[PDB]
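*Asks:* this one's experimental. Sequence and coordinates below.
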Amino acid sequence: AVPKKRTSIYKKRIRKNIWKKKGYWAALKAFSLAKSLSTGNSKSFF
Amino acid sequence: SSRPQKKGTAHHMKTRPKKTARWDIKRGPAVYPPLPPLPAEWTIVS
Amino acid sequence: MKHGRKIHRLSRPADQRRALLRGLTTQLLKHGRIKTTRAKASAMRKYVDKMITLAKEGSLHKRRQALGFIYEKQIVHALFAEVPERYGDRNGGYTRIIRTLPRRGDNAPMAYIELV
Amino acid sequence: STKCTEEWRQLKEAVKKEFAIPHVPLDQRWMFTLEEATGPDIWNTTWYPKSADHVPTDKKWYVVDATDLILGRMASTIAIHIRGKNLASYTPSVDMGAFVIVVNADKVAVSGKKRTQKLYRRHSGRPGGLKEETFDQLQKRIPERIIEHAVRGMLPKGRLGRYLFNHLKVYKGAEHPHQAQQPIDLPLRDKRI
Amino acid sequence: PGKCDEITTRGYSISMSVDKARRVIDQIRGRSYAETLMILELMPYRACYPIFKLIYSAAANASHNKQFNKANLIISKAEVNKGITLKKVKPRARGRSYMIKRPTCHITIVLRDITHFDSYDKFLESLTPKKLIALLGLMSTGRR
Amino acid sequence: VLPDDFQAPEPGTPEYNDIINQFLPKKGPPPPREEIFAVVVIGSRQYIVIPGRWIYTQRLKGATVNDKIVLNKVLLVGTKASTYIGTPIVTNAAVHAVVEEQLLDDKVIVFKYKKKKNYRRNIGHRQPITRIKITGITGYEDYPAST
Amino acid sequence: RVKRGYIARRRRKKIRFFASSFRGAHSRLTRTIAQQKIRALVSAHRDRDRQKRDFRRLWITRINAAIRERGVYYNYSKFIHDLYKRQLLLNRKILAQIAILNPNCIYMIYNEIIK
RNA sequence: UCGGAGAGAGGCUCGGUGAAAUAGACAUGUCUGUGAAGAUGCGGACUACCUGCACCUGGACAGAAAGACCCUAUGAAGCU
RNA sequence: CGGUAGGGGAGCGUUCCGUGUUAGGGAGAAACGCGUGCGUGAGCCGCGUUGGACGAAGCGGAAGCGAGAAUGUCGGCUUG
RNA sequence: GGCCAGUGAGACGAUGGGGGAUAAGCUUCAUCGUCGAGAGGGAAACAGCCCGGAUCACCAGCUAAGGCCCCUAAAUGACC
RNA sequence: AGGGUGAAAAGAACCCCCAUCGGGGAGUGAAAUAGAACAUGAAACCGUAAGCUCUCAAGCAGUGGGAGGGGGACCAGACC
């Protein structure tokens, strides 16, 4: 359970950039919702 | 059983390369006839 | 595994889920338009369609089951005097699940219930 | 603006033609062009090949006919061409070798009792998967893995023998589908096959 | 310095973590003020709102300090750095105590108008270099 | 503080293409040295020598700067058509050379350490080398061996 | 008589500057910068003696591969048979260099070794 | 035997806050052999595209903690 | 003219002191960072759109005088 | 002799033996070789086995031990 | 345990973002990259931009050779 050693700058920038790329994937969805929130007949967002 | 395995440095007196051919021990290096001595490596020219 | 278990259970235990259903469909029948989460929205949709069509046939037995389900006294008797005059000929589909922005603090998918 | 990428790309190719020089092949070639004696001292250092010396387009192509040829000496003389140790341009760090083609893999001779006693066993990672498999079983089943197993242990199994492993083209049929560079037959120096 | 093109806006050590500010700041890089205006209206992050406050107070800065428009204005770099980290000695069981660090950011966002010349043709002229200083202000692949 | 402007001198671009196409390419001819080639033996090691080349070698025992020095220990002198295979030295041979100023080459850090037996030695070595420029090769017109 | 100093940082900054392009904490982290200076210098030793040995090996196999292109069984050993019997003192395996820079001249070498 | 289903709190995902023991640097395969006699690091062969997520803990002689057992100290102390 | 435990000889560096209110220095000292330079090396010398007031060499002396290790120790910041 | 240190745990290999079971990479001695304190080459790897004693440079040559099919330098060398 | 903005608070009038904190102009100053966390600011650590390069690959991450590519260049063969 206890880690034997530490990680490099290598593997850490890989994992942190996979985390922040996983943050990248959930804003073109927000760009699509922000673009559909604009002028148009949409039956949502009262 | 009663046969001892040959361990390290007894493995080396047994399994080292030994050239046990009485011909190939007799070999000396080849002899070419002697040549005259080569001239000077360079010369002062004034 | 959940093959074909079509009950929609929330993040609450069973009796607390029943009280959430009864209270939120009660105040849904009080105000008409309401802000829920989407799980709470569909969970309101089934039961409030059951309560619109329950007092559609305004007998005493339907009125007593309907008064037994809903908390408030004076809202069941404001219901069967309203649902045959309004929701006759609709034949199902008494609500609308207009969604909105997520909630600040949870990113909870937040919905909004009509009566149409 | 497609003309930015296209026209500036062709300007970069244009100054690639103007600044840089081509690399002449090593055939009927003297020591130096008079430009080359002004350039680097490529004489007193060991000759190292450039990218225009090991192009896979103008490599040689060899065809042996493995009918009644013994396996291991054929594998060694295919290896000595698959490295490039019959060329004076041999550098053991680049791919100076030559493509070879081995037709008739189904009729490869062996000497002694190889056919019933030599095993091509293999194993996956889990225990109890060691596959009992003898020479006649592959030669009945897939013969072009025989020679392909013989020469794969003849090449330096790093990143570079793995690259010249694909130069081997073994086919079990009597005819190979290659008409690449008109493949000249392979020269042998083995008097005992 | 780009000859008077960019607008640099710094930020206080705001009371949140640097890494989530770096995913929300690595989203909005390269996109202009309208797209970040509509995305940061609706991004589901708590680190979204001071970033949107600094973009809004950065382009309003770019329209009041300079005199630009909020449509031809792309985010240039938007770098987020570390700040001061507080230390919180929080007790935990079996007589132990853990340092819980309260992290702060340091946001510096640079904005970029397009103040262009848009020359007619490409063809090089190796004459009058004291005009070649002014005619070429921001291009690519500088030879010699 | 503004975008600067368009500048209006009303220029006309010269598209004659007889000045820029003269300016951008360069005409530089290599000097034709001659069609000759030797292999000298200096110290112990042999050098490919062509007339005009800034070679490096060993001699710093004694040799004055800018001196005119004949390297008469020549084997395998070769022209464009024929070479002269040297039974050891080609006779009456003379590679005329210019021994130039003496140099020290790059540092070769000879640092030795064994293991935990705590021993380490940083020493350095500047080899006393000599750069030689080559003038021309002569005295080589005996026993041709062209093929 | 306090003696706080800076000489460990110049002592250490020189070794820091030598350890460039060492791929990670061998290029940044001081307590490995030292042992990569050390192991890099002994790597320079053994690879220098074995670059003498290794280029000897490379010229041997290069001129062997040049001589074996005749087809008739003339090995590299027989080229030295009739390279020292016909008295050519010590061409120093630079005929493996002009064997590719001047292949007609090495054909003149070998074709005069035959005669 | 011989398990099976269901309800909660965790676990999984999202949004907030956010540690810890550990850590020479880690570009951190399997078999087999060798070696301070139990090797990802040495040798030969075979096998493996890179990198995550969720579980399991066989190894890293895993973490702890200058072995309570054994012995040594011209050690300490209690007791007889 | 390999070298552990170890012995001897010769040197570099640091801060202060004598020369010294030294030469030099807001026309940029010390610092910090840099080298296509020199040394057997400890190091010197030179260059800096950074910095802003001190301080060399030579000939000498004195040390809280040189760091990679002490489950060292004190601050800073990582890993997980 | 003067001044002044370490070391006093050794290990394997050949021979001469004792203890053992003429068992142990076992234990104790006597002469010697190596390692310790010894790099390089051969021994696949591998302190003690063979050659061999590393001041340094060379993109120099000849050899010892050992090798000359390929991986990997040199003979798919010759004759019994 | 926590010292040092300037020489002098001359400590930022006024405009914009704006609930503040903060930020940008302007103004003071020789210096505002001396802005109150304020004097030189190094390493670990976290980043962003530019050049080359990694997704059939076994490696104490080097070193010797160096394919291909990039940069300034002047002893254009050199250097990184």
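*Replies:* Received the coordinates, thanks. Numbers count the residues shown, from 1 in each chain, chains lettered A, B, ... in the order given.

*Asks:* now residue D:102, nearest residue through space, not along the chain?
*Replies:* residue D:170 (4.4 Å; C-beta to C-beta, 6 or more residues apart in numbering or on different chains). All C-beta atoms are positioned from the backbone trio N, CA, C, and that covers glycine.

*Asks:* flag every residue of chain G that's near chain B.
*Replies:* G:84-85, G:87, G:89 (C-beta under 8 Å from any C-beta of the partner chain).

*Asks:* now those residues in CSV, with neighbour count, secondary structure and distance to RNA strand J?
*Replies:* Shown next, in CSV, are the residues of chain G next to chain B (neighbours: other C-beta atoms under 10 Å in any protein chain shown; DSSP: H, G, I helix; E, B strand; the rest coil; distance: C-beta to the nearest atom of the strand, whole Å):
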residue, neighbour count, secondary structure, distance to RNA strand J
G:84, 15, helix, 7
G:85, 11, coil, 13
G:87, 13, coil, 13
G:89, 15, coil, 9
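
*Asks:* could I get those residues as CSV with distance to residue D:68?
*Replies:* CSV is the format used below for those (distance: C-beta to C-beta, whole Å):
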residue, distance to residue D:68
G:84, 42
G:85, 41
G:87, 48
G:89, 49
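
*Asks:* ok, back up a step: which residues does the residue nearest to residue D:102 contact?
*Replies:* D:101-102, D:105, D:144, D:147-148 (C-beta atoms under 8 Å, 6 or more residues apart in numbering or on different chains).

*Asks:* now, which of those residues sits nearest chain E?
*Replies:* Sorting the contacts of residue D:170 by distance to chain E puts residue D:101 at the head of the list, at 46.4 Å, by C-beta to the nearest C-beta.

*Asks:* on the C-terminal side of the helix or strand harbouring that closest one, identify the next helix or strand.
*Replies:* Secondary structure from DSSP states H and E places residue D:101 in strand D:99-103. Next in sequence after strand D:99-103, counting helices and strands by DSSP H and E, comes helix D:114-117.

*Asks:* okay, buried residues for that following helix please.
*Replies:* Neighbour-count burial for helix D:114-117, counted by 16 or more other C-beta atoms under 10 Å in any protein chain shown, picks out no residue.

*Asks:* only alpha carbons, please: show it as PDB.
*Replies:* Extracted as PDB, the C-alpha positions of helix D:114-117 are listed here (Å, rounded to 0.1, in the frame of the first residue of the first chain):
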ATOM      1  CA  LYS D 114      16.700 -33.300 -37.700                       C
ATOM      2  CA  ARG D 115      13.400 -34.200 -39.200                       C
ATOM      3  CA  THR D 116      12.100 -36.300 -36.300                       C
ATOM      4  CA  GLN D 117      14.300 -35.100 -33.300                       C
END
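
*Asks:* after that helix, which helix or strand is next?
*Replies:* Using DSSP H and E, the next helix or strand after helix D:114-117 towards the C-terminus is helix D:135-141.

*Asks:* check whether that following helix contacts RNA strand H.
*Replies:* No. Helix D:135-141 lies apart from RNA strand H when judged by C-beta under 7 Å from any atom of the strand; the minimum separation is 13.8 Å.

*Asks:* show me what that helix is packed against.
*Replies:* In terms of contacts (3 or more C-beta pairs under 8 Å, 6 or more residues apart in numbering or on different chains; DSSP states H and E), helix D:135-141 is packed against helix D:114-117, helix D:146-150.

*Asks:* for residue E:7, phi and psi?
*Replies:* When read as degrees, to the nearest 10, the backbone of residue E:7 gives phi -130, psi 110.

*Asks:* got a list of what it touches?
*Replies:* Going by C-beta under 8 Å, 6+ apart, the list of residues near residue E:7 reads E:58, E:61-62, E:65-66, E:110-113.

*Asks:* tell me what it is bridged to.
*Replies:* Beta-bridge partners recorded for residue E:7 (DSSP bridges): residue E:111.

*Asks:* mind checking the longest helix of the chain?
*Replies:* Going with chain A. Ranked by residue count, the top helix of chain A under DSSP state H comes out as helix A:9-24.

*Asks:* hm, I was asking about chain E
*Replies:* Secondary structure of chain E per DSSP H: the longest helix is helix E:48-64.

*Asks:* circling back: by contact count, what packs against the longest helix of chain A?
*Replies:* helix E:18-27.

*Asks:* hmm, the helix or strand that comes right after the helix it packs on in reach of chain A?
*Replies:* Counting by DSSP H and E, the element after helix E:18-27 in chain order, helix or strand, is helix E:33-39. Yes. Judged by C-beta under 8 Å from any C-beta, helix E:33-39 comes into contact with chain A at E:35, E:38-39.

*Asks:* neighbours of residue F:123, how many?
*Replies:* Residues near residue F:123, counting by other C-beta atoms under 10 Å in any protein chain shown, number 9.

*Asks:* re earlier: and the two most separated of the residues of chain G next to chain B?
*Replies:* Comparing all pairs in those by C-beta to C-beta, the longest separation belongs to G:85 and G:89, at 12.3 Å.

*Asks:* helix or strand for the most centrally placed residue in chain G, which one?
*Replies:* For chain G, residue G:51 is the residue whose C-alpha lies nearest the centre (C-alpha atoms, centre = their mean; 2.8 Å). Using DSSP H and E, the element containing residue G:51 is helix G:30-67.

*Asks:* identify the residue of chain C closest to RNA strand I, quick one.
*Replies:* Closest approach between chain C and RNA strand I, counting by C-beta to the nearest atom of the strand: residue C:107, at 24.7 Å.

*Asks:* what are the neighbouring residues in contact with the residue of chain F found nearest RNA strand K?
*Replies:* For chain F, the residue closest to RNA strand K is residue F:54, as judged by C-beta to the nearest atom of the strand, at 3.8 Å. Contacts for residue F:54 (C-beta under 8 Å, 6+ apart) come out as F:131-133.

*Asks:* one more time with 10 Å, if that's ok
*Replies:* D:41, F:100, F:131-134 (C-beta atoms under 10 Å, 6 or more residues apart in numbering or on different chains).

*Asks:* out of those, which sit inside strands?
*Replies:* Residues of those located in strands (DSSP state E): F:100, F:131-134.

*Asks:* just the buried members of those residues?
*Replies:* Burial by neighbour count, 16+ other C-beta under 10 Å: within those this picks out F:132, F:134.

*Asks:* residue C:55 is in contact with residue C:86, correct?
*Replies:* No. Using C-beta atoms under 10 Å as the test, residue C:86 is too far from residue C:55 to be in contact (11.9 Å).

*Asks:* pick out whichever of these two has more residues nearby.
*Replies:* Here residue C:86 and residue C:55 are set side by side on neighbour count (other C-beta under 10 Å), and the busier one is residue C:55, at 22 against 10.

*Asks:* can you pull the phi/psi pair for the more buried one?
*Replies:* phi -90, psi 20.

*Asks:* other residues contacting the helix of greatest length in chain D?
*Replies:* The longest helix of chain D (DSSP H) is helix D:2-19. Helix D:2-19 is contacted from outside by D:1, E:122, E:124, E:140-141, E:143, F:24-26, using C-beta under 10 Å, 6+ apart.
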